[PDB]
Amino acid sequence: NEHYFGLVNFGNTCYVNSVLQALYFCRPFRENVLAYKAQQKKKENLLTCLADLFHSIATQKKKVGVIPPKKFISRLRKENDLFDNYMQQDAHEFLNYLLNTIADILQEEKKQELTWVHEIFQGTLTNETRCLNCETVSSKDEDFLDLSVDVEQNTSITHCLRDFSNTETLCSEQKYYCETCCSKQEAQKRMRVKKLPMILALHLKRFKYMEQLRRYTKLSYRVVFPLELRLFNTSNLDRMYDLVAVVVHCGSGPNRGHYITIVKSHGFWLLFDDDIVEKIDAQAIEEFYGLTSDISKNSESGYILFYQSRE
Amino acid sequence: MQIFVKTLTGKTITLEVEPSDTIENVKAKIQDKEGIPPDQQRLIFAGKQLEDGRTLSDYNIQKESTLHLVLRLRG
Ligand SMILES: [Zn+2]
């Protein structure tokens, strides 16, 4: 009963398309979106347009084709001055904008607590800062819809995610203002995952700022993404996740490029490049890890990873 | 009050700020430490990208909050 349809590009809109495809293949998200369509009112907003689009995909007569998200793109440009243009944009900025926009619509409707957007994507970190002078530990919980992880050459996302939560020692210019010591002190700072989300969206920080050159470059490093991940909670002790989609940035630099998405569907992989959909072998996904050598060249690099919890 | 920014390499920096600081003001302070122009900076906190024209107290950003600094790959 599945339907594989590309999306028309309406003027540098691949950044939107690629995210829409990833989200379509996040099952709990697609299901909540379709349930929204099933009950929805006549008032148009970004969520009703997204729901109409998902419904259109889900109900095509044929199993393969192309859909124009014309109404969704018009509405996107109307609502968000940031995207009200025909320029190339960042997929992650678009992802977070879209999710929070939907969430705000859902919250407003509850008021005539958590929305289903948060049920799906929200986790919680516990930041602990420990003054090394008095040993006082201060804990602060902070939610997220995705984690932006830093990268390095020839590593795995498992390592990137672990480094995110590793203990950092703060010295010299980064000393911590301790309220017991009433002064800046050396400290240890650690961000642990208190609660893992149903879908874990990981954003790779594939960029580096060169102070002297006054610009930044894209990091086209090899960063391996496994098909499954076991993740742990601080206080279920752990959760297994499976990779369901990768938004991929194609380009040698950060100012221009194109976006495509690879998704898992019924045990095989599909590549969605705007209007084109192709089957790809499990092995060809390795191309999206990034470049081994000649790393300032054109790369097709994984940028946003979507991991779906098994339960 | 002192907040934290998790920078592009994962290194954490401190910023001295007030609740009435705008997001623009915060970006200028990051620029003073990291050299990145404000118009290239995106800051994420509590699952939301912070908007220019708003203040730290609009987002209920208190002491010890960690902002997440990211840039862009345009496509
Ligand atoms: Zn202390």
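Numbered from 1 within each chain, the chains take letters A, B, ... in sequence-line order. Reckoned from all heavy atoms, side chains included, excluding hydrogens, waters and symmetry mates.
Using bins of under 30°, 30° to 60° and over 60° for the plane-to-plane angle, the ring pair A:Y176/B:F4 lands in the parallel bin. Between A:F306 and A:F121, the two ring planes are perpendicular [angle over 60°; tilted spans 30° to 60°].
Take A:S74 and apply the side-chain contact (heavy atoms from CB on, under 4.5 Å) test, not counting sequence neighbours, and it matches no residue. Every side-chain contact (heavy atoms from CB on, under 4.5 Å) that A:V149 has, sequence neighbours left out, goes to A:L147, A:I157, A:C160, A:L161, A:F164, A:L204. For A:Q89, the side-chain hydrogen bond (donor to acceptor under 3.5 Å, both in side chains) partners are A:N85, B:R74, not counting sequence neighbours. In this structure, A:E128 has no side-chain hydrogen bond (donor to acceptor under 3.5 Å, both in side chains) partners at least two apart in sequence or on a different chain.
Counting only residues at least two apart or in different chains, side chain to side chain donor-acceptor pair (under 3.5 Å) contacts with residues 48-69 of chain A comprise A:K37-A:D52, A:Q40-A:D52, A:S56-A:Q60. The ring pair (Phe, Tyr, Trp, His ring centres under 6.0 Å) analysis of residues 6-49 of chain B, with sequence neighbours excluded, yields no pairs.
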Q.
side chain to side chain donor-acceptor pair (under 3.5 Å) for A:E93 and B:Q49? Distances and angles first, verdict last.
A. CA-CA 8 Å; A:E93 190 168 15; B:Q49 184 172 312; 2.8 Å; yes

Q. Can you check side chain to side chain contact (heavy atoms under 4.5 Å, CB included) on B:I3 and B:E64, steps first, answer last?
A. CA-CA 5 Å; B:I3 64 172; B:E64 313 184 353; over 6 Å; no

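Using a cut-off of 4.0 Å between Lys/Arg side-chain N and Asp/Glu carboxylate O, A:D141 and A:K194 are scored as salt-bridged.
A donor and an acceptor atom, one from each side chain of A:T167 and A:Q188, are nowhere located under 3.5 Å apart.
Annotation for A:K208: atom NZ does not count as buried by contact number, only 12 or fewer foreign heavy atoms lying within 6.0 Å. By the 6.0 Å contact criterion, CD on A:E135 is open, its count of non-hydrogen atoms from other residues, nucleotides or ligands being 12 or less.
Hydrophobic clustering, with ILVMFWY side chains joined whenever heavy atoms are under 4.5 angstrom apart, keeps A:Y221 apart from A:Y216.
Proximity of a side-chain donor or acceptor of B:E34 to a complementary backbone N or O of B:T7 within less than 3.5 Å is not detected.
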